[PDB]
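These notes are about the structure you will find just below.
All Cβ positions, even for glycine, are placed from backbone atoms using ideal geometry, and neighbour counts span all protein chains on display. FYI, it's all coordinate maths here, none of it is from the lab.
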Amino acid sequence: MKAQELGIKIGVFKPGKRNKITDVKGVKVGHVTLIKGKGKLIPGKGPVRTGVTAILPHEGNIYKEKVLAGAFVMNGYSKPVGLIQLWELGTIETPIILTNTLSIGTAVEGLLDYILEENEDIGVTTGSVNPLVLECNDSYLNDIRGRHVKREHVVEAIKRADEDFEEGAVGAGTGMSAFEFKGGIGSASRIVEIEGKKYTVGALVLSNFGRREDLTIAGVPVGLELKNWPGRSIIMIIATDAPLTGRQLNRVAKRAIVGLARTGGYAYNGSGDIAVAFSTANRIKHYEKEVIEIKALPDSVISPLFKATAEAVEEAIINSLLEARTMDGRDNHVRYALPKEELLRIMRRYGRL
Amino acid sequence: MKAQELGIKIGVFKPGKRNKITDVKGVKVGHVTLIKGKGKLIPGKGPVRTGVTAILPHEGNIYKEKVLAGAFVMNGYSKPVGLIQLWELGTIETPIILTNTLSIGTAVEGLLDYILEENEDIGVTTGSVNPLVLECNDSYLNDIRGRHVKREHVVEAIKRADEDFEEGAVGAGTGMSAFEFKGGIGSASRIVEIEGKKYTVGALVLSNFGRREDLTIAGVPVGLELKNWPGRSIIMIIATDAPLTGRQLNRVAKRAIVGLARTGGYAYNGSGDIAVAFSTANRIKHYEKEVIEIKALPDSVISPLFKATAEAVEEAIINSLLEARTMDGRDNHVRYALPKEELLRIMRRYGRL
Amino acid sequence: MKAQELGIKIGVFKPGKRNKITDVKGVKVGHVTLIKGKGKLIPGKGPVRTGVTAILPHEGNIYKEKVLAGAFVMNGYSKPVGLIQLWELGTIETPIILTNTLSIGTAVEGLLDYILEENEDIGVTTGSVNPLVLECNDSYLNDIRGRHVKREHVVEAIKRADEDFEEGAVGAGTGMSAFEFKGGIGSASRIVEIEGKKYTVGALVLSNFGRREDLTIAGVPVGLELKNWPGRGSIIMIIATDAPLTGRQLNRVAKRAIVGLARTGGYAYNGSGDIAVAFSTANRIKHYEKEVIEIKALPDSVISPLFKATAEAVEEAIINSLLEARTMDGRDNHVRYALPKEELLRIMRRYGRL
Amino acid sequence: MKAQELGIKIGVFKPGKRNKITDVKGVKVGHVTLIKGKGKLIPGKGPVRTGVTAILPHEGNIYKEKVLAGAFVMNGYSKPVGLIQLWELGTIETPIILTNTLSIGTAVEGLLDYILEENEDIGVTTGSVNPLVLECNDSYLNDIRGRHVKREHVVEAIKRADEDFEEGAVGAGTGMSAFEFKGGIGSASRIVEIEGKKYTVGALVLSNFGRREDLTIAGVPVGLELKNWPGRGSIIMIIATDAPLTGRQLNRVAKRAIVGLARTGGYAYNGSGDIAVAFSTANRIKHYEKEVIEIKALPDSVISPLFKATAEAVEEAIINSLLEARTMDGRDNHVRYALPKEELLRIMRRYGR
Ligand SMILES: [Cl-]
Ligand SMILES: [Cl-]
Ligand SMILES: [Cl-]
Ligand SMILES: [Cl-]
């Protein structure tokens, strides 16, 4: 299942009750999984191995009630939508959508179907809207040229978002590959106490990176040890309830790369590594016109959040592997789930259980 | 009718043959205009006042033969698609599409339709593709909530790209507003001689910014003079044949803001001002594995290009006004074309012309 | 003097009482001018035409009580000191120092002299300090290789800082050139009302850029009209405001300064170090703060007036740097003449603008 | 000794002959170590524990013959000089100097003493010069307030620059602390073959970060294993390579340096000044060049090996800075022990290493 149930300890901070990004009160996650067909690749028909994942900053109208946010592009061989305004205004005003590289257009169409329905004032009595869509390429297993994600799928994922969500090869992670093993959706969280108050840092990742040899789990070179085992980009979403300004949240997003690096993420040329981070502490009203007060921790005290963020991403990445199920896709390509029995053998070998 | 016609001098460099971005050998522009209905607004129905404009770096295959590119975001209240990879790899691998803010999704779909058709390897034997889509909000005259742009329109605009192209309220500029006058597409070019060699700098703009009183034409406060005339963001595309690296083209893109400002562009909070610059000098092969030789001017001699960029952008913005025609739209809104007759009296009144 | 007293109107917002960056209550400016020698250049000796200019965000301890700040590099052919931390932490914790390109090291030394004197805990019980120094190249008139600026000059400039301050060829502006006329220090301010509240936007510029023919004053190509005026042969913009704004917002404000620059004929040529630094006096950040703080800040949807006021203050500030500059000779008998004001009135009149 | 020879294997790429940044031919490194006094801290007097370290891109005039370069700021709690021009022009035109935070002004004076002496035209017939200076805070062991570094020390460090240089507590690393052990200069190199051609990637670090328990060596939690080990109580990474690359590409390589940092337990806490500077010796840019030049550059699609190698070089270099450091006492009788070699080899073996 997850790292802890296998005796694998990542970091020093304790996890949240769910040990998921939803440990941040109000955060919701929904999926729509699309699996169909088997065999030779039939460009435009299948096999289909993809889906949609939605992340909701909170339970209400994200456009009317925005949240401060930040983001960092470790390597831009990615096709994200909406980061420019996010950086300019420091806010997120729509649910966060994740899907495959060739379905971002479709995703935007679906995300808008949802947004416009919730806000009929957009484009008439008020301004436009900044849909936020990020992705990963699931071409190894999925008929990506087919663009099998439908606009209704995006609305469905949003409406399905809940506190508890499945991990592994579901939603946007359905046909993803990592370390030449089955990748996908992974999640984890951490609790930290700063000047008396307890804050939560959650992480949800869409893993689809690394060569088999790069895999590093709790410092153990499992990847190298699994060199010839059969079967032969990443979006990191960070959420926290700690009060932070948009500038600070860009700092937070950078730290996600620390957890990425520790699992063997080298950010090769073609790996779209991007991190988005937001806080639920300050809600920005779309129509506000008077001076406001933004609650924020002084930078001198947020180091714990920086570390917890690295820890969260690192385990989240590992969890996407531990939760993934073996899978076959286009052209009979197969991606086996990281072999858990062999993994335990290796962890004990390097005395780390 | 353009600046020259009225006898208005902008800058000191001479224009190109056509005085259009297409003066840069190989560059082509195509439009698709959507006009329909009138009267009160009927969301999802009309009146319709929008379209699509496409800019092709060269007449070949853009994905297979990429061109170095740079870009600058003056104010990010914009929803551009594809800038992250552009900055990361310093290249543009698809035609450039412009349209309205709420149709970027559809634009992506339409662009992918064309791209996938031209490249069968994408998503099968090679990686994905980074569609480049920029936009401006035409809500004042257009039923933007209706998303009347269709994916076929994108493909059509591309197939229509030609050396010669219309300006004013066409393509993406169909329903645009500028200085509370009719805005839209505007273009211009300049020739510069650097160390014996002649280079061309072209600019195409999609004007949709400024208050009435902001308008500055060749230094004259035209906006203030016509403050009482009835009718009460911007994308700048820069092209050149001068050899430049991706870093240098980021610099070039910034210089376009010099021209924007001179016409009275202040980059208000809600104005999405973005500039993208590319060179036709170096062709980057998608499948290249051998060391290459990138041709580039030393930075100490490119100041003329920085200037020419500002000039073309400034005149292009003015041209979009001079080439626009009066038009009515949703809720009976109307944008008058800048009265050229009155303009002349004002110019002459300020010692100009 | 200033554009106002000449009838030259720039922008639509009204200026502050003094029409200087110090109209932002608490802000202070001090100068140290170095002029000596004449004739042939004797590298290391003179002629000397340089100086130092200090800008204090407020009147107390800037390190212990920081101000939120932002900045934008239009063209990085510049050697600024202190911007990386400004961007990372969003704050300014030292007075702002301007001087010539090759004196930045000396400026840092002097600035630290002042700072360590005022804070004995630095380097012992607390962290270090991020000195903020910016510059322009005055080589055309100054023996820049000689590094005539002395560390004490930096401390002096800081202790001379106050509300009233001279403009033109003084302090860091002493040996600068702009549009092939004498350049230097220029300043101006604008008042704006946002949601029933008055806010001031002030600007101080160190002009040292432009070709003679680029000069644009209130839309009039004053540069071309004065093509043949004798003397033929880089810029830092400091923005201050009392409006509450976060670091991110102050980076936005910094960018708007370029609009004003462009309007006077600034094209940011290859070798022109064009940089803008913006800060607010509305939110003071205590060095040792540990409790959650409340940052006062205007919603982005209502700050466009500040963007315009910024561009305005910068545009006039640049012109004032020319109007306030007095003719000056320098190394190798090089000379830059002050923009002829009576001539300027004539040109403005010919274009029906006065 | 260094890691490689101790038997500690980091990464999968082989190291250069010296396993130092100078394996990139032409690069040199010089130090000036200042050690004086002991006991209680007498501000401005001592004890002195600091110095200067100079890195030369090549053997000639760096100003007249510049090298292309890039840089990345992981966390800006640093006071670097020269990065703005580096990013704008993509070049380095002076030797690189490292010293303590409060000595940056002195380093500028010193570096300028050297440059102006070697370049008589600067400030007279040509432009100015961009001094490159970076730093770390050695206040725990050194009387930093005293600014004991003198301008002559800088000129000296530059002239002592050699292929063979000492590591550990020398030069700018003299008084540095890492993981609450002795820190300082560390270096390593990796050789990678790309398209039948071998390139070298070297790295020199100045370590001054991390809490005891953060220490990660070859994936082993040595930090936690030495939690209660005595002596309890930022980082600049310099990357060099002979691979041909543009400024943009070198900014990318600079970023990869953080991967190695993270893997040793670098979390970039709030007050940690973590910065990477990368340059190539492949292309020299003539100061007075006025004609179209040809930049030799490797296509991005084939540079991933350099990205991983950069990660490895930094990771091992950080470790070598610890292995080469010697125990030291300083101001206020503070002491920093060198990582216990025998105990470390013991801990490693205890984890199958
Ligand atoms: Cl913010
Ligand atoms: Cl490039
Ligand atoms: Cl902030
Ligand atoms: Cl370059």
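General observations
- Shielding score for C:246-255, defined as the mean number of other chain Cβ atoms within 10 Å: 5
- Taking the fewest neighbouring Cβ atoms within 10 Å as the starting point, the ordered list for A:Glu59, B:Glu225 is A:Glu59, B:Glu225.
- Across C:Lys255/C:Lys341; B:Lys79/B:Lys182; C:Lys45/D:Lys150; A:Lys20/B:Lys79, pairs whose alpha-carbon gap is larger than 27 Å: C:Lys255/C:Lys341; A:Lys20/B:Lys79
- The modelled label-to-label distance for the pair A:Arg211/D:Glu166, using points 7 Å beyond Cα in the direction of Cβ, is 3.9 nm.
- As a rough guide to protection, the peptides B:47-56, D:247-256 ranked by mean Cβ packing within 10 Å, highest first, stand as B:47-56, D:247-256.
- Relative exposure of A:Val276, D:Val205, B:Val301, judged by other C-beta atoms within 10 Å (fewest first): B:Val301, A:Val276, D:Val205
- Three-way shape label, chain A, alpha-carbon gyration tensor, a/c 1.5: oblate
- Sites B:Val301 and B:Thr326 - FRET efficiency at Förster radius 60 Å, r taken between beta-carbons, to 0.05: 0.85
- Counting all C-alpha pairs of the range C:212-330, share separated by more than 24 Å (%): 40
- For a modelled paramagnetic label at C:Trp229, 7 Å from Cα along Cα-to-Cβ, the residues of the range C:257-283 in reach, with backbone nitrogen under 17 Å, are C:264-266.
- Projected-area average for the range C:56-197 over all orientations - Cα convex hull basis, square nanometres: 10.7
- Computed from phi, the 3J(HN,Hα) profile of the range B:292-297 under the Karplus parametrisation 6.51, -1.76, 1.60 (θ = phi - 60°) reads 10, 10, 7, 7, 7, 7 Hz, with x in place of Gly and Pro.
- Taking the Kirkwood radius as Rh and the Cα radius of gyration as Rg, the protein assembly as shown has a ratio of Rg/Rh equal to 0.95.
- Our coupling estimate for the range A:167-181, obtained by passing each phi through the Karplus curve with A = 6.51, B = -1.76, C = 1.60 and θ = phi - 60°, is 10, x, 7, 9, x, 5, x, 2, x, 7, 10, 9, 6, 6, 10 Hz, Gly and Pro reported as x.
- Candidate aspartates and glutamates for bridging to B:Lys340, where Cα separation is under 20 Å - those fewer than 8 sequence places away on the same chain excluded: B:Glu5, B:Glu166, B:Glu167, B:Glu180, B:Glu213, B:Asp214, B:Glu225, B:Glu314, B:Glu315, B:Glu323, B:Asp328
- Neighbouring partner chain Cβ atoms per residue of D:66-73, average, 10 Å criterion: 1
- As a rough footprinting exposure proxy, the listed residues D:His31, D:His334 were ranked by other beta carbons within 10 Å of their own, and the order from fewest upward is D:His334, D:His31.
- When peptides A:308-321, B:4-17 are sorted by average Cβ neighbour count within 10 Å, with the highest value leading, the order is A:308-321, B:4-17.
- For C:192-203, mean number of other protein chain Cβ atoms within 10 Å: 1
- Mean-position separation - Cα centroids, the range A:46-68 and the range D:56-133, in angstrom: 47
- Karplus (6.51, -1.76, 1.60) ³J(HN,Hα), θ = phi - 60°, over the range D:3-17, in Hz, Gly and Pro reported as x: 5, 2, 6, 6, x, 7, 9, 10, x, 10, 8, 6, x, x, 4
- FRET efficiency for C:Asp121 and D:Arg350, using Cβ-Cβ distance with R0 set to 45 Å, rounded to 0.05: 0.60
- In this structure, B:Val334 and C:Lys64 have a Cβ-Cβ separation that, at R0 = 60 Å, corresponds to a calculated FRET efficiency of about 0.55.
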